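What follows is each chain in one-letter form.
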Amino acid sequence: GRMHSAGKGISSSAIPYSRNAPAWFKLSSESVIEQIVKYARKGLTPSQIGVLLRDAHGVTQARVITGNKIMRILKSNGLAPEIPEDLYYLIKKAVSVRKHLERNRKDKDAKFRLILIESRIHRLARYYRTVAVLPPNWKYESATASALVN
Amino acid sequence: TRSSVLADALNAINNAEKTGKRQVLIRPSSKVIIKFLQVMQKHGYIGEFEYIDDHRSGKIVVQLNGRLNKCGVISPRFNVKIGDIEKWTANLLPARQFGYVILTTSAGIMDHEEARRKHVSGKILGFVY
Amino acid sequence: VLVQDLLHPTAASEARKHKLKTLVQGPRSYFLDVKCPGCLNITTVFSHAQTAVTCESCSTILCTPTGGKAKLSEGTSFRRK
Amino acid sequence: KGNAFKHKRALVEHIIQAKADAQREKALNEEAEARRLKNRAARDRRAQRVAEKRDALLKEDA
Amino acid sequence: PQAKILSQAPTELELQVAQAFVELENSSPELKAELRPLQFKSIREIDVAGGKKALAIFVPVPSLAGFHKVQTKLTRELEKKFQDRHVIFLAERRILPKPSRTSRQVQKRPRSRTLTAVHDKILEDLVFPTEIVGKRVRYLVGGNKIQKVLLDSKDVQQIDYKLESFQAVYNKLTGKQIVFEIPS
RNA sequence: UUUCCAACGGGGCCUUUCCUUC
Ligand SMILES: [Mg+2]
Ligand SMILES: [Mg+2]
Ligand SMILES: [Mg+2]
Ligand SMILES: [Mg+2]
Ligand SMILES: [Mg+2]
Ligand SMILES: [Mg+2]
Ligand SMILES: [Mg+2]
Ligand SMILES: [Zn+2]
């Protein structure tokens, strides 16, 4: 566990055995799919959507109430971003990492950290390349990635 | 990361009997875990095991008795040509008279005697005695 | 120890274990319905907050986040379900 | 300004073939976007007649 | 409105119950018009613990959405209006085969068309709005298999008597034994 | 030698079931 450090720490969400229900939940497939699409037009990521909707509204999970995961919804309604949002925060970080090495080159730990992050990015992409969510030949690079995330 | 789960069971098995326990909680099980334990409980080396359903891959509680010296798993599943079943029994089994090498053949998971009668061959899986 | 019923473990001991370490795992967080008597209808909230929740109309508060369960702000009521 | 153009004749033939792969790129992105848009009719039409026959084999048996 | 709701030519019970719906139909606005859109394909009759044979109604399964909205009120009038009978609502599902080697490629297969997923919707249909909160399977030292299907809490009254019919109902469909249980 | 007896394999049927196709 934890490829990129030594921590073995187990943490995660515990899914309820209940694949239907709350049943104290009312609403409807129409109600959330509209709450979903109305946030995803506001700029929110499929993670912050199920995040905000879980605490502010009742949504335990949007896959029990609606038959599809918060990403497949954004896709069929045409909100699906160019790059996955995991892969996006990675590239977004490496940018804020590399930006800091350019301003201070005397930090080697950073130079280390930048290696780990980039090592992750390139391997994630390589998967997304295999099942064709990214174009075969899609690659990360330091020049185009600063622009790519912004 | 977990590699052969068949072995992560037969291990929690071989650590219950020696420690003297009458039962164990094995995880995740499998189609093949079930069919190992089935050829096992069939010759009596264990009692009844009960598939519990987590919503993911499963657990099992196996009630075992006393009679099982070792139930082993052969990690590379070697190709056994039906001359070589003899040599697989002659190696890891305590005698000719009992004990069972359990392989996989096209005809499904079974012990090497039910192989010798049905006359099919295949990839070895493990053994029990 | 040396024989026990694993299939049918005590709910006393089962309630103490970790949420991954129960027989079939289940979450230990809950949901609740909160009131601010100024507003006549309730919002459903998640026991563990993160995002600091507000009710339907007015801008007030409900809870504030921490590591664990949401800390509800001052005079409030919570039914659980 | 770099090399890879050996003379006029090549530079043209490059340009010749660059506008040809920019059309095959345009024509395929218009025609397969005609495949998507116009199968969205056959979804709204076949979802209509199960919503039109939904009130039709309801109302007419009254 | 007699054989319309039948959705098939035969037979007798399918008529009787088809007649039974229409006797529950004209009660005017909320006791009809939400009961009319529903239909059923067929009915089968099989035995039960109470000596009262079971009446199992098949459903095309778009339609389990509305039937579930009624159900309890309906199966209360069906077991009353047709009594000495146990009335349950099953949904007809496809069950596609697992392709063989020598077999030639067909359209792929969804997993909800799979023999095992189907029998796991059968147990989900035979029981109703209580829930299924867990499962187990004992493999008896005889080599037998017996499925312990655990149920929930509230409203559970409605199937209380219906326990030993589902086991039989499901054993006429499948070839596998069922038992139930509740919390402690 | 059939009948009885169990035993061990083989094959084929029905159950929502390609074993391609006229
Ligand atoms: Mg770990
Ligand atoms: Mg590592
Ligand atoms: Mg964490
Ligand atoms: Mg495997
Ligand atoms: Mg183990
Ligand atoms: Mg399993
Ligand atoms: Mg023991
Ligand atoms: Zn408020």
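Residues numbered from 1 in each chain as written, not as in the entry; some residues may be left out. Chains lettered and ligands numbered in written order. Part of a larger assembly, values for the part shown. Heavy atoms only, no water.

- Method-wise, the PDB entry is recorded as coming from X-ray crystallography, at a reported resolution of 3.7000 Å.

So, the overall build of chain D
Then, number 1: Within chain D, the regular secondary structure consists of two helices and zero strands.
Then, number 2: Here the C-alpha radius of gyration of chain D, 26 Å, is well above what a compact globule of 62 residues would show, namely 11 Å.
Then, number 3: Taken over the C-alpha atoms alone, chain D extends approximately 85 × 15 × 10 Å along its principal axes.
Then, number 4: A total of 62 residues make up chain D; the buried ones form 0% of that total.
Then, number 5: When the 18 basic and 11 acidic side-chain charges of chain D are each reduced to a single mean position, those positions are 8 Å apart. (Helix = DSSP H or I, 4+ residues; strand = E, 2+ residues; numbered from the N terminus. Rg over C-alpha atoms; globule rule 2.2 N^0.38 Å. Buried < 20%, exposed > 50% of the residue type's maximum accessible area, 1.4 Å probe, protein only. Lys, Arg positive; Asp, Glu negative; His and termini not counted. Charge placed at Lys NZ, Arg CZ, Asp CG, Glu CD.)

Observations regarding the domain arrangement of chain A
Residues and elements named next belong to chain A.
Then, number 1: Partitioning chain A into domains gives domain 1 (26-80) and domain 2 (81-150).
Then, number 2: Just the C-alpha atoms count here: the centres of domain 1 and domain 2 sit 27 Å apart.
Then, number 3: In this complex, domain 1 contributes seven residues to the contact, which on the side of domain 2 involves four residues.
Then, number 4: Summed over both partners, the interface of domain 1 with domain 2 comes to about 390 Å²; 49% of that surface belongs to carbon and sulfur atoms.
Then, number 5: Applying the counting criterion to the domain 1 and domain 2 interface returns one residue pair in polar contact.
Then, number 6: Broken down by element, the residue count for the side of domain 1 that touches domain 2 peaks at three residues, all from helix α2 (residues 46-55).
Then, number 7: Looking at side-chain class alone, the side of domain 1 that touches domain 2 contains four nonpolar, three polar and no charged residues. (Domains from an automatic or database assignment. Contact = heavy atoms within 4.5 Å. Buried area = accessible area lost by both parts, 1.4 Å probe. Polar contact = N/O pair within 3.5 Å; in protein donor to acceptor, adjacent residues only side chain to side chain. Nonpolar A, V, L, I, M, F, W, Y, C, P; charged D, E, K, R; others polar.)

Observations concerning the protein's contact with RNA strand F
Then, number 1: Around RNA strand F lies a shell formed by B:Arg117, B:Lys118, E:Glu92, E:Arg93, E:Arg94, E:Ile95, E:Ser100, E:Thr102, E:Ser103 and E:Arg104.
Then, number 2: Note that a base nitrogen of RNA strand F is positioned 3.2 Å from one of the side-chain N or O atoms of E:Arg104.
Then, number 3: Considering only residue class, the surface near RNA strand F consists of one nonpolar, three polar and six charged. (Near = heavy atom within 4 Å.)

Describing the side chain of B:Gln23
Then, number 1: Note that B:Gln23 resides in strand β1 (residues 23-26).
Then, number 2: At 3.3 Å, the side chain of B:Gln23 and the backbone oxygen of C:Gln4 are in polar contact.
Then, number 3: Dropping the residues within four chain positions of it, B:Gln23 is found in contact with B:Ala16, B:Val61, B:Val62, B:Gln63, B:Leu64, C:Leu2, C:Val3, C:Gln4 and C:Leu6.

Re the packing of aromatic side chains
Then, number 1: One pass over the structure, following the stated rule, counts nine aromatic pairs over all chains.
Then, number 2: Measuring from ring centre to ring centre gives 4.8 Å for B:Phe49 and E:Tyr139, while their planes differ by 15°; the resulting arrangement is stacked. Taken together, the residues B:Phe49 in strand β2 (residues 49-52) and E:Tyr139 in strand β4 (residues 134-139) connect one chain to another. This pair shows no difference in class: B:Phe49 is buried, exactly as E:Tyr139 is.
Then, number 3: Pairing C:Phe31 with C:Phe46 gives two aromatic rings, centres 4.9 Å apart and planes at 35°, and the pair type is tilted. Taken together, the residues span a long stretch of sequence, with C:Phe31 in strand β1 (residues 31-36) and C:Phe46 in strand β2 (residues 39-46) at a distance of 15 residues. (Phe/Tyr/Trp six-rings, centres within 6.5 Å; stacked < 30°, edge-to-face > 60°.)

Digging into the layout of surface pockets
Then, number 1: Roughly 1,000 Å³ of volume is contained in the second largest pocket.
Then, number 2: If you trace the second largest pocket, you find 25 residues lining it, with D:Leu58, E:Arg36, E:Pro37, E:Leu38 and E:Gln39 closest to the centre.
Then, number 3: Breaking the lining of the second largest pocket down by element, the ones donating at least two residues are α2 (49-59) of chain D together with α1 (13-25) and α2 (64-70) of chain E.
Then, number 4: For the lining of the second largest pocket, the element with the highest residue contribution is α2(D), accounting for five residues.
Then, number 5: For the lining of the second largest pocket, a count of residues per class yields 14 nonpolar, three polar and eight charged. (1 Å grid on protein atoms, 1.4 Å probe; cavity = no way out; pocket = protein on both sides within 12 Å on 5 of 7 lines; lining within 4 Å. Points joined across faces, edges and corners; volume = space filled by probe spheres on them.)

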